[PDB]
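S.K.: Provided below: query30.cif, containing mmCIF, C-alpha atoms (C1' of nucleotides).
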data_data
loop_
_atom_site.label_atom_id
_atom_site.label_comp_id
_atom_site.auth_asym_id
_atom_site.auth_seq_id
_atom_site.Cartn_x
_atom_site.Cartn_y
_atom_site.Cartn_z
CA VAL A 1 0.00 0.00 0.00
CA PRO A 2 1.40 3.57 -0.60
CA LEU A 3 1.61 6.40 2.00
CA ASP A 4 0.05 9.93 1.94
CA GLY A 5 2.54 11.25 -0.69
CA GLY A 6 2.13 8.33 -3.13
CA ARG A 7 5.51 6.50 -3.01
CA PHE A 8 4.78 2.84 -2.22
CA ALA A 9 5.88 1.90 1.28
CA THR A 10 6.96 -1.65 0.47
CA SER A 11 7.10 -4.50 2.95
CA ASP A 12 10.24 -6.35 3.96
CA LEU A 13 9.14 -9.71 2.59
CA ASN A 14 8.96 -8.23 -0.89
CA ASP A 15 12.63 -7.31 -0.55
CA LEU A 16 13.43 -10.86 0.58
CA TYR A 17 11.46 -12.59 -2.19
CA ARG A 18 12.72 -10.18 -4.83
CA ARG A 19 16.32 -10.88 -3.74
CA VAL A 20 15.80 -14.67 -3.90
CA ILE A 21 14.25 -14.41 -7.36
CA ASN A 22 17.00 -12.08 -8.66
CA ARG A 23 19.66 -14.51 -7.47
CA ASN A 24 17.81 -17.56 -8.78
CA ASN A 25 17.52 -15.99 -12.22
CA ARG A 26 21.25 -15.22 -12.14
CA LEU A 27 22.04 -18.79 -11.16
CA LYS A 28 19.90 -20.24 -13.95
CA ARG A 29 21.65 -17.99 -16.45
CA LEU A 30 25.10 -19.00 -15.20
CA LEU A 31 24.23 -22.67 -15.41
CA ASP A 32 23.08 -21.94 -18.96
CA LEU A 33 26.38 -20.23 -19.83
CA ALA A 34 28.63 -22.86 -18.15
CA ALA A 35 30.50 -20.49 -15.89
CA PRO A 36 33.50 -21.98 -14.01
CA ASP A 37 33.37 -23.61 -10.61
CA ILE A 38 34.11 -20.68 -8.30
CA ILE A 39 31.52 -18.44 -9.96
CA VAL A 40 28.68 -20.91 -9.52
CA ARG A 41 29.85 -21.74 -6.00
CA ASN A 42 29.58 -18.08 -5.05
CA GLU A 43 26.28 -17.88 -6.91
CA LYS A 44 24.74 -20.87 -5.14
CA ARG A 45 26.20 -19.64 -1.84
CA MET A 46 24.55 -16.26 -2.30
CA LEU A 47 21.29 -18.07 -3.08
CA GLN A 48 21.69 -20.20 0.06
CA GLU A 49 22.25 -17.12 2.18
CA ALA A 50 19.34 -15.35 0.46
CA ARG B 1 -3.14 1.40 -53.75
CA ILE B 2 -4.27 -0.57 -50.69
CA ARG B 3 -7.14 -2.94 -51.50
CA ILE B 4 -9.86 -4.35 -49.22
CA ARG B 5 -11.77 -6.95 -51.25
CA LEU B 6 -14.81 -8.59 -49.69
CA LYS B 7 -16.15 -11.88 -50.99
CA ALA B 8 -19.53 -13.41 -50.14
CA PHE B 9 -22.84 -14.36 -51.75
CA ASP B 10 -25.65 -11.95 -51.00
CA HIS B 11 -25.92 -8.18 -51.26
CA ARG B 12 -28.40 -8.18 -48.37
CA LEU B 13 -25.71 -9.01 -45.81
CA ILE B 14 -22.67 -7.29 -47.37
CA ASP B 15 -24.63 -4.00 -47.32
CA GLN B 16 -23.98 -3.53 -43.61
CA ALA B 17 -20.40 -4.70 -44.19
CA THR B 18 -19.56 -1.79 -46.50
CA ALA B 19 -21.02 0.56 -43.89
CA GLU B 20 -18.97 -0.73 -40.95
CA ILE B 21 -15.57 -0.52 -42.66
CA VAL B 22 -15.76 2.93 -44.28
CA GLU B 23 -16.95 4.62 -41.08
CA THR B 24 -14.64 2.90 -38.62
CA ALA B 25 -11.84 3.85 -41.02
CA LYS B 26 -13.15 7.42 -40.99
CA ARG B 27 -12.83 7.74 -37.20
CA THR B 28 -9.22 6.51 -37.31
CA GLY B 29 -7.69 7.13 -40.74
CA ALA B 30 -10.31 9.10 -42.74
CA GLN B 31 -8.54 8.08 -45.97
CA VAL B 32 -10.63 5.99 -48.40
CA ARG B 33 -11.61 6.16 -52.08
CA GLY B 34 -15.08 4.70 -51.51
CA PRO B 35 -16.61 1.31 -52.28
CA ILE B 36 -16.29 0.33 -55.94
CA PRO B 37 -18.38 -2.81 -56.68
CA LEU B 38 -17.92 -5.80 -59.01
CA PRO B 39 -20.44 -7.49 -61.39
CA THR B 40 -22.78 -9.93 -59.63
CA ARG B 41 -21.74 -13.54 -60.13
CA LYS B 42 -24.11 -16.39 -60.94
CA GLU B 43 -23.63 -20.18 -60.67
CA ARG B 44 -26.75 -21.86 -62.08
CA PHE B 45 -27.07 -25.64 -62.18
CA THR B 46 -29.94 -27.71 -63.60
CA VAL B 47 -30.21 -31.08 -61.86
CA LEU B 48 -32.32 -34.23 -62.29
CA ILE B 49 -34.74 -34.94 -59.48
CA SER B 50 -36.58 -38.20 -60.38
CA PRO B 51 -34.75 -41.11 -58.69
CA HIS B 52 -34.26 -43.48 -61.59
CA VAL B 53 -36.07 -42.17 -64.72
CA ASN B 54 -37.53 -39.32 -66.67
CA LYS B 55 -35.02 -36.86 -68.15
CA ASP B 56 -37.45 -33.94 -67.89
CA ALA B 57 -37.40 -32.92 -64.19
CA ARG B 58 -34.64 -30.33 -64.14
CA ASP B 59 -34.99 -27.75 -61.36
CA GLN B 60 -32.79 -24.65 -61.53
CA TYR B 61 -30.89 -23.71 -58.39
CA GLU B 62 -28.04 -21.23 -58.11
CA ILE B 63 -25.32 -20.45 -55.60
CA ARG B 64 -25.19 -16.69 -56.08
CA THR B 65 -21.94 -14.72 -55.64
CA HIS B 66 -21.12 -11.03 -54.99
CA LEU B 67 -17.86 -9.09 -54.60
CA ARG B 68 -17.30 -5.58 -53.23
CA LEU B 69 -13.99 -3.70 -53.06
CA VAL B 70 -13.32 -0.93 -50.55
CA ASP B 71 -9.90 0.44 -51.67
CA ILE B 72 -8.64 2.79 -48.93
CA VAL B 73 -6.44 5.40 -50.60
CA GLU B 74 -3.47 5.75 -48.25
CA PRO B 75 -1.59 3.00 -46.25
CA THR B 76 -2.78 4.35 -42.85
CA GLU B 77 -1.09 3.06 -39.64
CA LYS B 78 -4.43 3.65 -37.80
CA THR B 79 -7.14 2.31 -40.18
CA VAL B 80 -5.38 -1.11 -40.42
CA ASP B 81 -4.41 -0.86 -36.68
CA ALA B 82 -8.03 -0.51 -35.41
CA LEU B 83 -9.57 -2.77 -38.13
CA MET B 84 -7.02 -5.66 -38.10
CA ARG B 85 -8.76 -8.51 -36.19
CA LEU B 86 -12.15 -6.78 -36.70
CA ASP B 87 -14.91 -7.57 -39.28
CA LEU B 88 -18.68 -7.21 -38.51
CA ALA B 89 -19.83 -9.38 -41.49
CA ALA B 90 -20.05 -13.02 -40.25
CA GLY B 91 -19.55 -16.07 -42.54
CA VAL B 92 -17.57 -13.80 -44.92
CA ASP B 93 -14.16 -13.97 -46.68
CA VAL B 94 -12.17 -10.70 -46.16
CA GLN B 95 -9.10 -10.04 -48.38
CA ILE B 96 -7.07 -7.09 -46.93
CA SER B 97 -4.45 -6.89 -49.75
CA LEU B 98 -1.83 -4.48 -48.29
CA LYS C 1 53.85 -17.17 -16.00
CA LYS C 2 50.74 -15.22 -15.00
CA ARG C 3 47.54 -17.10 -14.20
CA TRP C 4 44.01 -15.80 -13.99
CA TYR C 5 41.99 -14.86 -10.92
CA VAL C 6 38.48 -13.64 -10.13
CA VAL C 7 37.84 -10.41 -8.20
CA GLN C 8 34.51 -9.33 -6.72
CA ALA C 9 33.54 -5.66 -6.92
CA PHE C 10 30.49 -3.67 -5.91
CA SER C 11 28.25 -4.64 -8.81
CA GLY C 12 27.62 -1.52 -10.88
CA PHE C 13 30.93 0.26 -10.27
CA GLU C 14 32.86 -2.34 -12.23
CA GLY C 15 34.45 -0.17 -14.90
CA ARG C 16 35.57 2.28 -12.23
CA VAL C 17 37.05 -0.65 -10.27
CA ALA C 18 38.94 -1.74 -13.41
CA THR C 19 40.28 1.78 -14.00
CA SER C 20 41.31 2.21 -10.35
CA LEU C 21 42.99 -1.20 -10.48
CA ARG C 22 45.09 -0.26 -13.53
CA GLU C 23 45.97 3.00 -11.80
CA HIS C 24 47.02 1.29 -8.55
CA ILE C 25 49.24 -0.99 -10.65
CA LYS C 26 50.91 2.00 -12.28
CA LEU C 27 51.21 3.71 -8.87
CA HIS C 28 52.84 0.93 -6.88
CA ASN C 29 54.80 -0.05 -10.07
CA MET C 30 54.49 -3.83 -9.80
CA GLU C 31 54.15 -3.74 -13.57
CA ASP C 32 55.75 -7.18 -13.97
CA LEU C 33 53.02 -8.74 -11.77
CA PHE C 34 49.87 -7.87 -13.76
CA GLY C 35 48.95 -8.67 -17.34
CA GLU C 36 45.43 -7.50 -18.16
CA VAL C 37 42.05 -6.73 -16.65
CA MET C 38 38.92 -8.18 -18.26
CA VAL C 39 35.31 -7.12 -18.00
CA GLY C 40 29.96 -8.11 -11.00
CA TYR C 41 33.20 -10.04 -11.38
CA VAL C 42 36.50 -8.69 -12.68
CA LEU C 43 39.01 -11.03 -14.30
CA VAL C 44 42.68 -10.30 -13.55
CA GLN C 45 45.79 -11.81 -15.11
CA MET C 46 48.12 -11.91 -12.14
CA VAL C 47 50.65 -13.82 -10.08
CA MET C 48 50.32 -14.59 -6.39
CA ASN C 49 52.48 -12.80 -3.91
CA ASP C 50 50.99 -11.52 -0.68
CA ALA C 51 52.08 -8.01 -1.69
CA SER C 52 50.05 -8.16 -4.90
CA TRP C 53 47.15 -9.71 -2.98
CA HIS C 54 47.15 -6.78 -0.55
CA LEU C 55 47.42 -4.48 -3.58
CA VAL C 56 44.27 -5.83 -5.23
CA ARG C 57 42.35 -5.81 -1.97
CA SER C 58 43.54 -2.26 -1.23
CA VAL C 59 42.05 -1.13 -4.55
CA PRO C 60 38.83 0.64 -3.47
CA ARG C 61 35.35 -0.88 -3.90
CA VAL C 62 36.76 -4.42 -4.05
CA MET C 63 35.49 -7.06 -1.66
CA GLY C 64 38.01 -9.84 -2.23
CA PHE C 65 39.02 -12.82 -4.27
CA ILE C 66 36.75 -15.82 -4.74
CA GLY C 67 38.42 -19.15 -4.22
CA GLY C 68 38.74 -22.20 -2.05
CA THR C 69 40.37 -20.29 0.82
CA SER C 70 41.55 -16.79 1.69
CA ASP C 71 45.14 -17.84 2.40
CA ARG C 72 45.87 -19.13 -1.12
CA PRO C 73 42.99 -18.02 -3.37
CA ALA C 74 42.13 -20.04 -6.43
CA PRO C 75 43.02 -19.46 -10.13
CA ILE C 76 40.10 -20.76 -12.32
CA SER C 77 38.44 -23.85 -13.90
CA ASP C 78 36.54 -23.28 -17.20
CA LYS C 79 38.47 -20.09 -18.20
CA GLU C 80 38.61 -21.27 -21.87
CA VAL C 81 34.76 -21.57 -21.93
CA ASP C 82 34.43 -17.97 -20.57
CA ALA C 83 36.90 -16.66 -23.23
CA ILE C 84 34.96 -18.49 -26.03
CA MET C 85 31.58 -17.05 -24.83
CA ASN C 86 33.12 -13.51 -24.77
CA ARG C 87 34.44 -13.94 -28.37
CA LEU C 88 30.88 -14.82 -29.59
CA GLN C 89 28.33 -12.87 -27.42
CA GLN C 90 27.13 -10.18 -29.93
CA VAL C 91 28.10 -12.45 -32.92
CA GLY C 92 25.92 -15.31 -31.54
CA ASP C 93 23.00 -12.94 -30.69
CA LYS C 94 22.95 -11.45 -34.27
CA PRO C 95 20.34 -13.47 -36.28
CA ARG C 96 18.20 -11.16 -38.54
CA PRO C 97 15.66 -13.80 -39.79
CA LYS C 98 14.01 -12.60 -43.07
CA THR C 99 10.87 -14.14 -44.69
CA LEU C 100 12.23 -16.90 -46.99
CA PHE C 101 8.68 -18.39 -47.01
CA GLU C 102 7.82 -19.73 -50.51
CA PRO C 103 4.48 -21.23 -51.76
CA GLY C 104 2.72 -22.60 -48.62
CA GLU C 105 5.62 -21.95 -46.17
CA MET C 106 4.58 -20.24 -42.87
CA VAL C 107 6.03 -16.82 -42.09
CA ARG C 108 5.99 -14.40 -39.18
CA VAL C 109 4.85 -10.74 -39.15
CA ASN C 110 6.54 -8.26 -36.85
CA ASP C 111 5.67 -4.91 -38.51
CA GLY C 112 2.40 -2.91 -38.95
CA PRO C 113 -0.97 -3.93 -37.37
CA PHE C 114 -0.20 -7.47 -38.58
CA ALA C 115 2.82 -7.63 -36.25
CA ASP C 116 2.78 -10.54 -33.77
CA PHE C 117 0.88 -12.70 -36.22
CA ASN C 118 1.85 -15.73 -38.33
CA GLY C 119 0.56 -16.92 -41.67
CA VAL C 120 1.57 -18.73 -44.86
CA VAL C 121 2.86 -17.30 -48.16
CA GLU C 122 0.42 -18.45 -50.82
CA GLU C 123 2.26 -16.43 -53.50
CA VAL C 124 5.78 -14.93 -53.67
CA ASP C 125 7.18 -12.08 -55.80
CA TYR C 126 11.03 -11.92 -55.87
CA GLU C 127 10.91 -9.36 -58.71
CA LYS C 128 8.58 -7.05 -56.72
CA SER C 129 10.35 -8.08 -53.50
CA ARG C 130 6.96 -8.83 -51.82
CA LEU C 131 5.53 -11.97 -50.18
CA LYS C 132 1.80 -12.79 -50.42
CA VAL C 133 0.89 -14.11 -46.94
CA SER C 134 -2.53 -13.94 -45.17
CA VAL C 135 -3.00 -13.55 -41.42
CA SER C 136 -5.69 -15.45 -39.42
CA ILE C 137 -7.38 -12.19 -38.17
CA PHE C 138 -10.82 -12.85 -36.48
CA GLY C 139 -10.76 -16.31 -38.13
CA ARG C 140 -10.87 -15.21 -41.81
CA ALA C 141 -7.36 -15.38 -43.46
CA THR C 142 -6.23 -11.80 -44.29
CA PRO C 143 -4.00 -12.16 -47.41
CA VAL C 144 -1.63 -9.19 -47.14
CA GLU C 145 1.70 -8.36 -48.88
CA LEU C 146 4.68 -8.09 -46.53
CA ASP C 147 8.40 -7.48 -47.31
CA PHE C 148 11.06 -10.13 -46.43
CA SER C 149 12.30 -7.96 -43.60
CA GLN C 150 8.68 -7.08 -42.60
CA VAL C 151 8.10 -10.77 -41.85
CA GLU C 152 10.38 -13.60 -40.56
CA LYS C 153 10.68 -17.14 -41.93
CA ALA C 154 8.87 -19.68 -39.72
"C1'" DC D 1 35.39 -40.94 29.60
"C1'" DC D 2 34.31 -37.36 34.01
"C1'" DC D 3 34.12 -33.02 35.47
"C1'" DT D 4 35.36 -27.74 33.84
"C1'" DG D 5 35.27 -23.80 31.10
"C1'" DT D 6 33.40 -21.27 27.06
"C1'" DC D 7 30.14 -19.88 23.55
"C1'" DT D 8 25.70 -18.83 21.78
"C1'" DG D 9 20.78 -18.40 22.38
"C1'" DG D 10 16.39 -16.94 24.71
"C1'" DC D 11 13.88 -13.83 27.53
"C1'" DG D 12 12.43 -9.78 30.04
"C1'" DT D 13 4.08 -5.94 32.00
"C1'" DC D 14 -0.56 -4.02 29.72
"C1'" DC D 15 -3.84 -0.47 27.53
"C1'" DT D 16 -3.69 4.56 25.31
"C1'" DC D 17 -2.38 9.53 23.17
"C1'" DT D 18 0.38 12.71 19.98
"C1'" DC D 19 4.68 13.75 17.05
"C1'" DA D 20 8.48 12.96 13.04
"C1'" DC D 21 10.03 10.29 8.96
"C1'" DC D 22 10.54 6.57 5.91
"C1'" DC D 23 17.40 4.42 -0.30
"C1'" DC D 24 21.15 7.21 -2.74
"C1'" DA D 25 22.30 8.36 -7.33
"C1'" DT D 26 23.57 9.02 -11.66
"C1'" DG D 27 26.27 7.89 -16.20
"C1'" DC E 1 16.08 5.60 -14.24
"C1'" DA E 2 16.30 1.52 -11.67
"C1'" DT E 3 19.14 -1.30 -9.11
"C1'" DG E 4 22.39 -2.65 -5.69
"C1'" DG E 5 24.74 -3.33 -1.41
"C1'" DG E 6 29.47 -0.40 17.99
"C1'" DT E 7 32.29 -0.77 22.04
"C1'" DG E 8 27.05 0.67 29.33
"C1'" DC E 9 22.41 -6.01 30.50
"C1'" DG E 10 22.17 -9.84 33.18
"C1'" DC E 11 20.69 -14.66 34.51
"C1'" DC E 12 19.75 -19.47 32.91
"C1'" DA E 13 20.82 -23.19 30.38
"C1'" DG E 14 22.30 -26.52 27.52
"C1'" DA E 15 25.55 -27.71 23.76
"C1'" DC E 16 30.33 -27.67 22.50
"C1'" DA E 17 35.09 -28.26 23.49
"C1'" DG E 18 38.86 -28.67 27.00
"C1'" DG E 19 41.26 -30.33 29.89
"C1'" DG E 20 41.83 -33.66 33.78
#
Reformat the file's structure so that it appears as structure tokens.

M.R.:
Amino acid sequence: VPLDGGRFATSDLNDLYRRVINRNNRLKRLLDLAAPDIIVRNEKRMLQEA
Amino acid sequence: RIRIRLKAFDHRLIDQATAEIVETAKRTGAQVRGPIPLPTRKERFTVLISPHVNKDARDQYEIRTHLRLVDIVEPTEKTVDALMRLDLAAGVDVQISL
Amino acid sequence: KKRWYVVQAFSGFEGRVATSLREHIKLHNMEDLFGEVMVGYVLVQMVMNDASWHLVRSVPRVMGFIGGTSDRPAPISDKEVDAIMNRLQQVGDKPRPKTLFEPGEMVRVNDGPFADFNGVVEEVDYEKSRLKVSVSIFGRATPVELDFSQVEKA
DNA sequence: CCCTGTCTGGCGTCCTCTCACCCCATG
DNA sequence: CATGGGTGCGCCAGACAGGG
């Protein structure tokens, strides 16, 4: 829902879900591109922490 | 140069079809040369009706045919846009030669 | 011999990280210890001394290397695959499909009100450079003339 | 293995009434 | 325009080492 002004005051769960989906899309694209080992380890580790 | 040919049988149903496509083009493109018709087309066939005899019973039927051509004058990116997937006349064959 | 390594930067400031890295090299004049810098990850041709490691992590807006450990960080794995993908990239993306649809072949329209529609080319005109294809608009096929570039081969 | 020290987690009163302020930053 | 990353609390308690 927005506030008086009009800027949408967004919830925290939307930040969390949007982070997980951004990272998951990045990880699918790197497994498409066949990135090396350390790149996809950091990518999956960032998804795990997300 | 842009041709809108319309192909059907009767003039009693195409008559509302030439009204819907010149006026809806007028609200959007307003660029048309007017409907120019084509000679009415006749397909008459005499056929025998008695089941096994009598070569005299020949009853004349005809599948009648009519063609009307709209011919908008200018390739308008608004007439075609609004009248792309749109044609009031049902059971009709539209030929939007662009 | 200089082997490759992966650097993590603040994603978005990556060109500025690359420029600051080249400038820190030419400041602390370890010119014989750095080969290139390729572009959120920055590829660095390098050798491993602890001095050069402190140099790259003292470059601003750099988090650190990415490897097995932080004592002796790790070179690479499929570096050849990364180099091959970089060589293609734009080349691979470039396709430009034109309507080569002949009698009966299906084509695709991506220009004019008929854009986002498919159909077949009942007649073709190489001399007039025009393809006769109709689009299934509101059911009835809408035979329209489209250029090869105006439509794509299906 | 049997006791001893450390290391992290889990928790701490209820209703109300105003106020002020909520992501830069930038090629 | 849109995305991308301090240093003043105190007790209980059980799990994890650490001797013992």

S.K.: Using only C-alpha atoms (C1' of nucleotides), which protein or nucleic acid residues come within 12 Å of residue 101 in chain C? Drop anything in the same chain fewer than 2 positions from it, and give the result as a PyMOL selection string.

M.R.: chain C and resi 97-99+103-109+118-126+130-133+146-149+151-154

S.K.: Separation of CA of residue 33 in chain C and CA of residue 45 in chain C, in Å?

M.R.: 8.5 Å

S.K.: Measure the distance from CA of residue 91 in chain C to CA of residue 40 in chain A in Å and round it to one decimal.

M.R.: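 Here the two named atoms are 24.9 Å from each other.
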
S.K.: Residues of chain E within 12 Å of chain A, counting all atoms listed in the file - could you list those as a list in words?

M.R.: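 The answer, sorted by residue number, is residues 3, 4 and 5 of chain E.
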
S.K.: When the PyMOL selection byres ((chain C) within 12 of (chain A)) is applied to the file above, which residues end up in the set, as a list in words?

M.R.: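 The output of the PyMOL selection byres ((chain C) within 12 of (chain A)) on this file is residues 5, 6, 7, 8, 40, 41, 42, 43, 65, 66, 67, 68, 69, 73, 74, 75, 76, 77, 78, 79, 80, 81, 82, 83, 84, 85, 86 and 89 of chain C.
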
S.K.: Residues of chain D within 12 Å of chain A: nearest atom pair and distance (Å, one decimal) for each, counting all atoms listed in the file, sorted by chain and number, as JSON lines?

M.R.:
{"residue": "D:21", "atom": "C1'", "partner": "A:3", "partner_atom": "CA", "distance": 11.6}
{"residue": "D:22", "atom": "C1'", "partner": "A:9", "partner_atom": "CA", "distance": 8.1}
{"residue": "D:23", "atom": "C1'", "partner": "A:9", "partner_atom": "CA", "distance": 11.9}

S.K.: Apply the PyMOL selection byres ((chain C and resi 143) around 8) to the displayed file and report the matching residues as an MDAnalysis selection string.

M.R.: (chainID B and resid 95:97) or (chainID C and resid 132:135 141:142 144:145)

S.K.: Just to confirm, what's the straight-line distance from CA of residue 20 in chain C to CA of residue 26 in chain A in Å (one decimal)?

M.R.: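 Rounded to one decimal, the two atoms are 26.6 Å apart.
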
S.K.: Applied to this file, what does the PyMOL selection byres ((chain C) within 12 of (chain D)) return in terms of residues, put as a PyMOL selection string?

M.R.: chain C and resi 12-13+15-16

S.K.: Counting only C-alpha atoms, which residues from chain B have an atom at most 7 Å from any atom of chain C, and could you show them as a PyMOL selection string?

M.R.: chain B and resi 77+80-81+84-86+93-98
